[PDB]
Ligand code: HEC
Ligand code: HEC
Ligand code: HEC
Ligand SMILES: O=N[O-]
Ligand SMILES: O=N[O-]
Ligand SMILES: O=N[O-]
Ligand SMILES: [Cu+2]
Ligand SMILES: [Cu+2]
Ligand SMILES: [Cu+2]
Ligand SMILES: [Cu+2]
Ligand SMILES: [Cu+2]
Ligand SMILES: [Cu+2]
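Protein chains in written order, with the entry's author numbering: chain A, 4 to 459; chain A', 4 to 459; chain A'', 4 to 459. A prime marks a further copy of an entry chain.
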């Protein structure tokens, strides 16, 4: 035979359940093959890739990753691709797991305002990436045109308590990481495989803080994990936990009891986790500068009873989660909007600075600015700061070392430079400091920082 | 014992069958261990890495990848490496799967005009990369000095209908992708792992168009897949199909039913495919900018009956294959030769432009230049073009957006910049357009494009 | 239950055995669960990353990688992290394999002069990376803050003759590869994943020459292999041998009989090797420019009887090991110290040049400078050199091609440029040549080379 030889479609056609990340459609829960009608529409739209940073995404179903598709092995799928009339570009679809030329791309070419259709049998069980395959293919994928399709085995997957949808992608902005405004696609960075962001589910903080995934102690969690690329291979890892199982695509091999696993560009895996201890468990790309400098972190938050026999210790997770430990960074979004409108207040800056100060400065100066006597000097009521508040701009951008004295105490240490911070970020952080802990007040502007950055 | 303990060589020595890519030597078809004499010669030679782009390759047996070697586990191999007297460099060989220092490299050091020999027992069954290991090793490998050796299990591999040889490599030219002429090796790009080309079998289009691999519906195909590197890891994938099996080197684990698989730098795998539906099936490195911007695409073309129950849809594959959908791009080769000779005609430019227009422009403007009314403006008999044919150079290089009117119709859309196109490519494409569809004619030269590219 | 449900700790607390690379603590050799007290101290210190190149490493226990920790699955581990008072930075620890938030990082935040403690049960058997997780996490890891923890299965691992500890890392210096002096961390290179060094065990030559690992023909060797990253994925490979087994972390799957294996950033594997033939077996990252241009090579040296039936050939391994074939390159270290002190002699330069000449020049000009008549011209008593010893600086930096005559013999070949050599390296190499083989003598200085490099 062929694989997936389960008989002809039976019953009425089914109009398929699509879901937006991070949710999954329900199990199909049937024992017969069906004709499944899938309707998916392309929408090109601006969304926030980071706080105060807009990007023109190209999407399947209005999200990155695109809508999740769920069918049964042996189903006949009638696929309808619509391209919204607001689109500027033509689009198509290639579904991994399809048996046929281009995985559909050859038959789904769709101009703005049009619709295409093609039909395929799902022979191949597994989790599979789908993506646009319109020239230039790389640009389409880089702009967010990918998602997952699950083809269930005929008996269905084993029951779990939660199923989630998480997809990594690499993104290429003309501006640098966290540079505000509408950021165009940068073809030069893309060709060179030098992304400015590496993200889960299309944005920094998409799955952190108040947007974390949830489960309880004792529960099992399945995550359908994709890597849309376009270019990067993920050293996919869960901090502080282990995967009971990892299965790639439709593969017969299943790895068990691993914590770090390589997902190819265009690859997908199903992972399973059992919650044992409460807290935040972090999904990262363990090519570590991606996770901690470019946005590649997502959270699964577990609630329930402690188990001190398994893990007994403090819970100070801002030291690595940094500015993503908090529920959100909406103050940054708001300050950026106000700056664009020309209505930025001191308090707007202060609250944005407060959000950014977490991790970035607090790891050494503490959340209250007290420092640690003799080791990290205070920012709280700092005579050194007050003596020349402007010099703080140079200190942040270019670091500080050597002997200094602060609130009558000697320091001889090293503060690394932080030149990667953008002008608004430095301004906002310093404005927060100046207006906290009985410091002199005032404000620093982005334009002030720009001038200091530019001196030799 | 050791592994491969099958007895002493029997019979007469065998003088081994070497083959050029993409073919494989026949199965050894024997039940006893032999002494196998291998003779392989290094040749340094210019070949075309892309149409009109020459490169000085360093080769084992005159090809990239080098000649395929096939032996049986337990054989004693007497290896003779010759370095042709025309070579400028010394060379040697390291065969993965050899048990001994340097995999042979230590004993096969061979100056131009000389020959070396060493003997090894093939203890280890599997598919293995071989490559040069002469300082600087990276430069030798980057210049094309790698291939595969198969060491069969004693009972032989299972019968299939076709066996093919495909090897990925990353290449480092001083010039940019598709910049014409003889391109030197670029050490700086190589150290930084920033290749200009990523190719199967040593050239763009080596396995596309009229050079595709072939099979029929129902047939099984084994591909011996290598990654010579030097630096890249391939997210190796078949578009529109699945691998029945993937086996790395001589490993005991075999993965089944996967579509995307990671091949390490210096790694090799045996994959198996069963043809089910007619059409072109694309082998790519799914770090997508490699596949679609740097040459990393190869084709397996399947002929036979349609199976509409499995796949039913149109077959417009130029939308992703682009300029590699056609049998070849020989017009580009020819135009480049003519340009070098100072005998480039308008028609030379037109035919080269026609080849490059596929995908690159046709995805939006159509193959006939008609566009799509209101969405993509026409190039065919375009008043906007005719009004200022020179401005077309800026449109290609730097894009166009905003309200415009063309053949009495309003457009308000976005044409992305295409700055990665080389000066000759832009010139040739525009010359094609000007001389097609009752457009005004004339020509654009590479020197014209160069001037426009250089303005602020 | 949970996994690792073996009963409560019994007996007295055990104060755990830590070891420095490349050694491993002994097998725990017990059949009951224990309370294990681990004491690990962070020390920030300058060490030599390469000969004459210093770097400020941040370390767990004074080494890179950090001290190896060995416990039994089911143990309760009381972990004490001390941060030495000389440290400038705060630090913490995340142990992969820990079940709990941050793998401990959340509870081990430790300022200079302080100590922290947290307790965890080792539920998960396997080899696991541990690393610092203090913001900015990437900088901490890049500076060398990683190591391995082994959690044994309850019955212990199978007996082998040797166990070794090898950990890859990528490093980011402001200066270029082999540029002398104290090299700061370079954040820009790190974010871009463009390392200047890629090393085993924290330094070039850490495991080469007289620092190689050892075993004998017939013996089995287990290596606990880590990849600390921060960013790179290793195409981990043994030259001239094969791995009997490769097992990732605590995974249930075990691959057998492979030579090349991908280790994720933050990943760890246990590999097993059986010595069959004498010689040097090279562990590399087979992204080849890492192994041969950035330091990613380590040696296992096997002593014992030859087996000519398995491998019969010469042993000229300087052709690929290059300057790492010799016991060390201490002459380079010494010349650099002398240069810094202003006491650099001609002989200091000569001996440093001699060390660097191996591979770099000897592959073509031979170890004795004789060249090969008609193919590679002589450096020994070279009239061409003597005629204009200064022009040798341009020859090394920028190459030489075309017809030339040397000791009354015609050459028409190509010497590639070697611009990646640093000014001191070129100076020292040429000083060696001038003072060898009855050449005219004199010296070339680094400042001379600097001037020539800077001309147009
Ligand atoms: C890794 C530790 C660390 C981080 C992170 C850090 N600092 Fe510092 N900072 C120091 C140390 C140590 C000094 C003292 C340097 C010396 O001894 O020369 C210092 C000095 C200062 C000073 C001048 C002395 C004083 O107390 O007024 C200012 C202002 C300052 N830091 C602000 C910041 C701000 C704002 C941030 C975040 C953008 C930040 N620092 C991040 C460690 C750090
Ligand atoms: C992704 C879609 C797309 C691709 C690919 C594309 N174009 Fe365009 N092109 C457009 C659109 C849309 C416009 C109109 C822009 C506007 O509305 O401001 C345009 C405008 C033009 C115009 C001016 C208007 C006219 O009709 O004369 C020329 C000339 C042109 N394109 C040529 C090319 C050539 C040649 C190529 C390939 C090198 C190309 N274009 C590739 C979409 C595209
Ligand atoms: C890959 C081969 C190769 C390597 C490696 C190499 N050379 Fe050469 N070298 C040549 C060849 C061939 C020529 C002659 C070029 C010609 O024919 O135009 C040459 C020429 C020379 C000459 C001038 C002719 C003479 O004999 O005096 C000098 C000096 C020289 N090399 C020094 C060096 C030094 C020092 C190194 C290492 C830093 C080095 N070369 C590395 C091959 C090499
Ligand atoms: O556990 N590493 O981020
Ligand atoms: O199926 N991806 O090119
Ligand atoms: O065997 N490769 O270096
Ligand atoms: Cu698209
Ligand atoms: Cu794909
Ligand atoms: Cu070679
Ligand atoms: Cu190799
Ligand atoms: Cu640290
Ligand atoms: Cu980690």
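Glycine included, every Cβ here is placed at the ideal spot set by N, Cα and C.
How big is the Cα-Cα spacing for residue i and residue j?
i                : j                : result
residue 291(A'') : residue 205(A')  : 18 Å
residue 410(A')  : residue 167(A')  : 51 Å
residue 350(A'') : residue 244(A'') : 40 Å
residue 53(A'')  : residue 209(A'') : 9 Å
residue 325(A')  : residue 7(A')    : 48 Å
residue 306(A'') : residue 214(A')  : 50 Å
residue 383(A)   : residue 64(A'')  : 34 Å
residue 172(A'') : residue 455(A')  : 46 Å
residue 239(A')  : residue 269(A')  : 14 Å
Tell me whether residue i counts as near ligand 1, meaning its Cβ is closer than 8 Å to at least one heavy atom of that ligand.
i               : result
residue 90(A'') : no
residue 403(A)  : yes
If residue i sits next to residue j, beta carbons under 8 Å apart, how far is it from one beta carbon to the other, in whole angstroms?
i                : j                : result
residue 47(A)    : residue 92(A)    : 7 Å
residue 175(A'') : residue 189(A'') : 5 Å
residue 207(A)   : residue 298(A)   : 4 Å
residue 69(A)    : residue 316(A')  : The pair is not a contact, with the Cβ atoms about 20 Å apart (cut-off 8 Å).
residue 362(A')  : residue 138(A)   : 4 Å
residue 231(A'') : residue 322(A'') : With a Cβ gap of about 31 Å, residue 231(A'') and residue 322(A'') do not count as contacting.
Would you mind stating whether residue i and residue j have Cβ atoms separated by less than 9 Å?
i               : j                : result
residue 28(A')  : residue 73(A')   : yes
residue 332(A') : residue 359(A')  : yes
residue 285(A') : residue 102(A)   : no
residue 99(A'') : residue 152(A'') : yes
residue 313(A)  : residue 431(A)   : no
residue 163(A)  : residue 225(A)   : yes
Taking residue i as part of the beta strand (DSSP E), name the residues at either end of that continuous run.
i                : result
residue 122(A)   : 118 to 124
residue 283(A'') : 282 to 288
residue 203(A'') : 200 to 203
residue 265(A'') : 263 to 266
residue 129(A'') : 129 to 134
Please indicate yes or no: does the CB of residue i lie closer than 8 Å to some heavy atom of ligand 11?
i                : result
residue 95(A'')  : yes
residue 137(A'') : yes
residue 418(A)   : no
residue 83(A'')  : no
What are the boundary residues of the alpha helix (DSSP H) that includes residue i?
i                : result
residue 316(A'') : Note, residue 316(A''): premise wrong, no alpha helix (DSSP H); not H, not E.
residue 112(A'') : Neither: residue 112(A'') is in no alpha helix (DSSP H) and is coded neither H nor E.
residue 171(A'') : Taken as a continuous stretch (DSSP letters only), residue 171(A'') belongs to no alpha helix (DSSP H), being part of the beta strand (DSSP E) at 165 to 174.
residue 426(A'') : 426 to 437
For ligand 9, is there any heavy atom lying closer than 8 Å to the beta carbon of residue i?
i               : result
residue 117(A') : no
Should residue i be counted as a contact of ligand 5 given a C-beta to heavy atom distance under 8 Å?
i               : result
residue 289(A') : yes
Any chance the CB of residue i is under 8 Å from a heavy atom of ligand 12?
i                : result
residue 106(A'') : yes
Just checking residue i against ligand 8 - is the residue's beta carbon closer than 8 Å to any of the ligand's heavy atoms?
i               : result
residue 242(A') : yes
Quick one: does the C-beta of residue i sit closer than 8 Å to a heavy atom of ligand 2?
i             : result
residue 52(A) : no
Is the beta carbon of residue i within less than 8 Å of some heavy atom of ligand 3?
i                : result
residue 385(A'') : yes
residue 368(A'') : yes
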